[PDB]
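Here the structure comes first, spelled out in C-alpha cells, and everything after it is commentary.
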Amino acid sequence: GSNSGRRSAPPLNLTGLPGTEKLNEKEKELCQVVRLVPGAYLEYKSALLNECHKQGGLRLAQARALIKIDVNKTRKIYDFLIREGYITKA
C-alpha cells in the first residue's frame with residue numbers, strides 16, 4: 001500500500017534517522033555494511049555522481065583520494081555507483 005522503509009535485522013547507523021528511506025534496499029544495505037549515515041553517504045555519493053557525470057569517465061582510485069578520507073570507505077560507495085549504471089571506473 002504505502003511506501004515502507006524499515007526492516008527487522010539489527011541495523012547500524014541508518015535506523016531512526018532521515019535519508020535511510022531515500023536509499024534503495026541496495027543503498028540501504030550499502031550503508032548498513034559500511035557503517036555510515038544517509039545524509040552523509042548521500043553527500044559523499046552526491047559528490048561522486050556529480051564529479052563522474054561532469055567529465056564522464058571517472059576512475060575508482062581518483063574517488064579514493066577524492067571523497068571520504070582513506071579508501072575502504074570510498075571503495076564501498078564508489079564500488080556501488082561504479083559497477084552500477086551511475087558513474088564510471090575508467
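For the C-alpha cells, the naming scheme is as follows: chains receive sequential letters (A, B, ...) according to their order of presentation, residues are indexed from 1 within each chain, and ligands are indexed from 1 in presentation order.
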Problem set entry | Who sits within 9 Å of region 56-73 of chain A, only C-alpha atoms, same chain under 4 positions skipped, as a VMD selection string | chain A and resid 34 44 to 45 47 to 48 51 to 52 77 to 79 82 87 to 90
Restrict the selected residues to C-alpha atoms and save them as a short mmCIF file (atom, residue, chain, number, x, y, z; two decimals), in the first residue's frame.
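Listed below is the output, out.cif:
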data_model
loop_
_atom_site.label_atom_id
_atom_site.label_comp_id
_atom_site.auth_asym_id
_atom_site.auth_seq_id
_atom_site.Cartn_x
_atom_site.Cartn_y
_atom_site.Cartn_z
CA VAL A 34 29.97 0.45 5.66
CA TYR A 44 29.75 11.68 -0.47
CA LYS A 45 27.82 9.75 -3.12
CA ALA A 47 29.97 14.33 -4.88
CA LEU A 48 30.73 11.23 -6.98
CA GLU A 51 32.15 14.61 -10.46
CA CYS A 52 31.68 11.44 -12.51
CA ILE A 77 30.28 3.90 -2.00
CA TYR A 78 32.10 4.24 -5.35
CA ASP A 79 32.02 0.46 -5.90
CA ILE A 82 30.80 2.30 -10.46
CA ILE A 87 29.17 6.82 -12.60
CA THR A 88 32.22 5.12 -14.18
CA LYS A 89 35.54 3.49 -13.26
CA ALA A 90 37.56 4.34 -16.40
#
For this session: Extract, using only C-alpha atoms, all DNA, RNA and protein residues at most 7 Å from residue 35 (chain A), discarding same-chain residues fewer than 4 positions from it, and format them as a ChimeraX atom specification.
Result: /A:12-13,31
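Distance annotation: of A:19, A:7, A:25, A:83, the residue with the minimal separation from residue 43 (chain A) is A:19; atom set is only C-alpha atoms.
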For this session: Name the residues in contact with residue 18 (chain A) at a cut-off of 10 Å, using only C-alpha atoms, excluding same-chain residues fewer than 4 positions from it; report them as a list in words.
Result: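 Skipping anything fewer than 4 positions along the chain leaves residues 14, 22, 23, 37, 38 and 39 of chain A.
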The selected residues should be written to file as a PDB file, in the first residue's frame (atoms: N, CA and C atoms).
ATOM      1  N   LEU A  14      21.869   3.588  10.237  1.00  0.00           N
ATOM      2  CA  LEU A  14      20.806   4.116   9.335  1.00  0.00           C
ATOM      3  C   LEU A  14      19.428   3.755   9.883  1.00  0.00           C
ATOM      4  N   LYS A  22      15.274   7.143   1.636  1.00  0.00           N
ATOM      5  CA  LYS A  22      15.616   7.568   0.251  1.00  0.00           C
ATOM      6  C   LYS A  22      16.585   6.566  -0.372  1.00  0.00           C
ATOM      7  N   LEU A  23      17.330   5.869   0.441  1.00  0.00           N
ATOM      8  CA  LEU A  23      18.273   4.855  -0.100  1.00  0.00           C
ATOM      9  C   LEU A  23      17.508   3.584  -0.466  1.00  0.00           C
ATOM     10  N   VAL A  37      25.942   7.125   7.462  1.00  0.00           N
ATOM     11  CA  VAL A  37      24.581   7.709   7.653  1.00  0.00           C
ATOM     12  C   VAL A  37      24.025   8.165   6.296  1.00  0.00           C
ATOM     13  N   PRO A  38      22.729   8.345   6.237  1.00  0.00           N
ATOM     14  CA  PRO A  38      22.074   8.707   4.955  1.00  0.00           C
ATOM     15  C   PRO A  38      22.561  10.056   4.413  1.00  0.00           C
ATOM     16  N   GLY A  39      22.185  11.139   5.040  1.00  0.00           N
ATOM     17  CA  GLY A  39      22.567  12.483   4.515  1.00  0.00           C
ATOM     18  C   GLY A  39      24.063  12.536   4.196  1.00  0.00           C
TER      19      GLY A  39
END
For this session: Going by DSSP on the backbone, which bits of chain A are helix (DSSP H, G or I)? Write them as a PyMOL selection string, please.
Result: chain A and resi 25-33+38-55+60-64+72-83
Exercise. Which of these residues is nearest to residue 84 (chain A), using only C-alpha atoms: A:3, A:8, A:46, A:27?
Worked result: A:27
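Interatomic distance, CA of residue 1 (chain A) to CA of residue 24 (chain A): 17.2 Å.
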